[PDB]
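S.K.: Next input, structure requested:
(one chain, ligands or ions: 2)
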Amino acid sequence: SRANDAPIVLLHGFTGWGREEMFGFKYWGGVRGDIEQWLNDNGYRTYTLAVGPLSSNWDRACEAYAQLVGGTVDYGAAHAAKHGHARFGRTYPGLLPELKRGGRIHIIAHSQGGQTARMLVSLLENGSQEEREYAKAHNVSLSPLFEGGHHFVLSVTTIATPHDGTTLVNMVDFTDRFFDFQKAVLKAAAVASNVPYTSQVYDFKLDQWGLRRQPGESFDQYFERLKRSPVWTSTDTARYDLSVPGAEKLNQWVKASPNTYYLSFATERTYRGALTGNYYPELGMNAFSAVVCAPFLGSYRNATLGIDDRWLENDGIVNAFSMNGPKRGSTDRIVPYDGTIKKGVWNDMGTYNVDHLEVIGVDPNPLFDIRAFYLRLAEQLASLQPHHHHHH
Ligand SMILES: [Ca+2]
Ligand SMILES: [Zn+2]
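M.R.: Numbers count the residues shown, from 1 in each chain. Ligands and ions are numbered 1, 2, ... in the order given. See below for the structure:
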C-alpha cells in the first residue's frame, strides 16, 4: 500500500532530451507513448529532467540540482578550474520547490542516468570536500550542492545502467559509432541527421563548453565538430565516465547512502553461442545495436582490464554484468531481491529480456508490456517506508 507521497523524477542517459524537444517524441516512452503521462494519469506524480547527454556525470548532477530547486547551474570553482569550462551555466525555474521544504523524491534513471542519480545523492548528502576547501582557500562562493546535509532523495532506481562501465567504449571506431547511435535515436524520432533544421530539435546543453549547433548546420556536421571538442576529448565527459576505468573511478567516491533505497534493473537481449562462448543479438534487438554494437559487446575480452566471459551478455549497448550495481572500485552492498526492499543497499531486481532502447520505448517490442512495467515500479516506490521497523 501507499506509504509515501514523494514524486518521481525521470532521468535519461547519454542520449535524452526535454519533453518539448524532438517534436514531442519522448525519450521516456518513445514509439510506445508517454511514460510520465501514464504515471501521472495513474496517480503517481511524475516529472522529467533534461541534462547534457554527453556531459560528465558531475556536470549532469549540478544541472539536475539547479533544475530541481531552481537557479543558475554552478559546476563549482574548483571543478571548473580543473577542467577549463565555465563555472556557471544555464538558469532554471525549478521543478520542485517542495524540496527546499523537506520533501523528497524518487529518481528513476536509465543508462548513464543511473550514475548521475547516484552522484547527485552523494553530493546532496556529503557535498564536496574539494570544493569546500577551494572556496575557503580562494575566497570564492560555494554552491549548497557542495556543503552537504540535504535530504531530498528517498530512492534511486536504475535501468540498464553501466555501473561498472560498458565495454562499448573499447571499440576501435567507438567515436564514430557512438555518434551514429545518436543518429539512430534521431531516426527513431523521425528526425534526419543531414538536415540543417532551424529549430533546435535536440539541445546538447553544452553551455559550459560554449558549444552549440549553428545556423545552416546539420546534426551530421555538428557531431563532427563535437568529436573534436572537449566534451569528447577531455576526462570531464560522459565518454570517460562510461568507460570501465572511469566508472571504477566514479565508484571510488560515489557511495550508496544509508538514507536512500536503491533498486537496479538489468536488461539483456542476447543468446550464447555454444561453440564460441560469445553472445549474439536476439531477433528484435534494435537494428543499430544488432549490427554495430552487440557483436562487439558479446565477444570483447580483455584480461588485464578484467573483462571476462561474465561481461558478454548485453542489451546491445551495456554489458548486463555492469547493471546490478557498482562493484568495481566500490564498497556498496548488493542484495538480490527477496520480497523486501532495504535501505542503503542495491536491491537487485533481476534481469529483463528487453533491449537498451526497448525498455524506454524508443525501440518497439510488442511483447514487452511497458505500461505495466513502469506502473508496477511506481507502486513499489510508493510503498517504500521512510523509517520502517524491526520484528520477528
Ligand atoms: Ca525491438
Ligand atoms: Zn565539468
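
S.K.: and residue 347, what element?
M.R.: strand 346-352 (DSSP states H and E).

S.K.: could I have that strand exported to CSV, CA atoms only?
M.R.: Provided in CSV are the C-alpha atoms of strand 346-352 (Å, rounded to 0.1, in the frame of the first residue of the first chain):
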residue,chain,number,x,y,z
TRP,A,346,21.3,-2.2,-4.0
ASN,A,347,18.2,-4.2,-4.4
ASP,A,348,18.9,-6.3,-7.5
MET,A,349,15.5,-6.7,-9.1
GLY,A,350,16.9,-9.1,-11.7
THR,A,351,17.3,-9.2,-15.5
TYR,A,352,14.6,-8.4,-18.0
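
S.K.: And it, what does it pack against?
M.R.: Secondary-structure packing of strand 346-352 (3 or more Cβ pairs under 8 Å, 6 or more residues apart in numbering; DSSP states H and E): strand 261-267, strand 334-336. To be clear about C-beta, it is placed using only N, CA and C from the backbone, and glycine gets the same treatment.

S.K.: so how far is the following helix or strand past it from its chain's centroid?
M.R.: Counting by DSSP H and E, the element after strand 346-352 in chain order, helix or strand, is helix 370-382. On the basis of Cα atoms, centre = their mean, to the nearest Å, helix 370-382 sits 19 Å off its chain's mean C-alpha point.

S.K.: Show me which residues of helix 370-382 are buried.
M.R.: Along helix 370-382, these residues count as buried under the neighbour rule (16 or more other Cβ atoms under 10 Å): 370-371, 373-375, 377-378, 380-382.

S.K.: Likewise for stretch 97-109?
M.R.: Applying 16+ other Cβ under 10 Å to stretch 97-109 flags 98-99, 104-109 as buried.

S.K.: how long is that stretch end to end?
M.R.: 21 Å (Cα to Cα, to the nearest Å).

S.K.: number of nearby residues for the residue lying closest to residue 365 once chain neighbours are set aside?
M.R.: Closest residue to residue 365 apart from its sequence neighbours, by Cβ to Cβ, 6 or more residues apart in numbering: residue 358 at 4.2 Å. Per other Cβ atoms under 10 Å, the neighbour tally for residue 358 reads 27.

S.K.: List the contacts of residue 193.
M.R.: Contacts for residue 193 (Cβ atoms under 8 Å, 6 or more residues apart in numbering) come out as 183, 186-187, 218-220, 223.

S.K.: Backbone dihedrals for it, please?
M.R.: Main-chain torsions, residue 193, degrees, to the nearest 10: phi -100, psi 0.

S.K.: Please, where are all the helices along the stretch 101-250 of the chain?
M.R.: 113-126, 129-138, 174-188, 219-227, 230-233, 238-242, 244-253 (DSSP state H, counting those that start in this stretch).

S.K.: where's residue 230 relative to residue 240, distance?
M.R.: Taking Cβ to Cβ, to the nearest Å as the measure, residue 230 falls 11 Å from residue 240.

S.K.: any idea which residue sits dead centre in this structure?
M.R.: residue 113 (1.2 Å; Cα atoms, centre = their mean).

S.K.: mind checking how far that one is from ligand 1?
M.R.: 21 Å (Cβ to the ion, to the nearest Å).

S.K.: what's the closest non-adjacent residue to that residue?
M.R.: residue 11 (3.9 Å).

S.K.: so that neighbour touches residue 106, yeah?
M.R.: No. Counting by Cβ atoms under 8 Å, residue 11 does not reach residue 106; the two are 10.9 Å apart.

S.K.: contacting residues around the residue in the stretch 101-250 of the chain positioned nearest to ligand 1?
M.R.: Residue nearest to ligand 1 within the stretch 101-250 of the chain: residue 188 (10.6 Å; Cβ to the ion). Listed by Cβ under 8 Å, 6+ apart, the contact partners of residue 188 are 25, 30-31, 357, 362-363.

S.K.: and the residues you listed near ligand 1, which?
M.R.: Counting by Cβ under 5 Å from the ion, residue 363 from those sit close to ligand 1.

S.K.: between the contacts of residue 188, which has the most around it?
M.R.: Of the contacts of residue 188, with other Cβ under 10 Å as the count, residue 357 tops at 31 neighbours.

S.K.: contacting residues around that one?
M.R.: Taking Cβ under 8 Å, 6+ apart, one finds 30, 185, 188, 286, 289, 316-317, 363 in contact with residue 357.

S.K.: Which positions in this protein make contact with ligand 2?
M.R.: Residues of the chain lying near ligand 2 (Cβ under 5 Å from the ion): 59, 83, 236.

S.K.: Give the burial count for the first one, as a bare number.
M.R.: Think residue 59. 30.

S.K.: which stretch of helix or strand covers the residue of the stretch 151-300 of the chain found nearest ligand 1?
M.R.: Distances between the stretch 151-300 of the chain and ligand 1 by Cβ to the ion are smallest at residue 284, namely 4.2 Å. Under DSSP H and E, no helix or strand contains residue 284.
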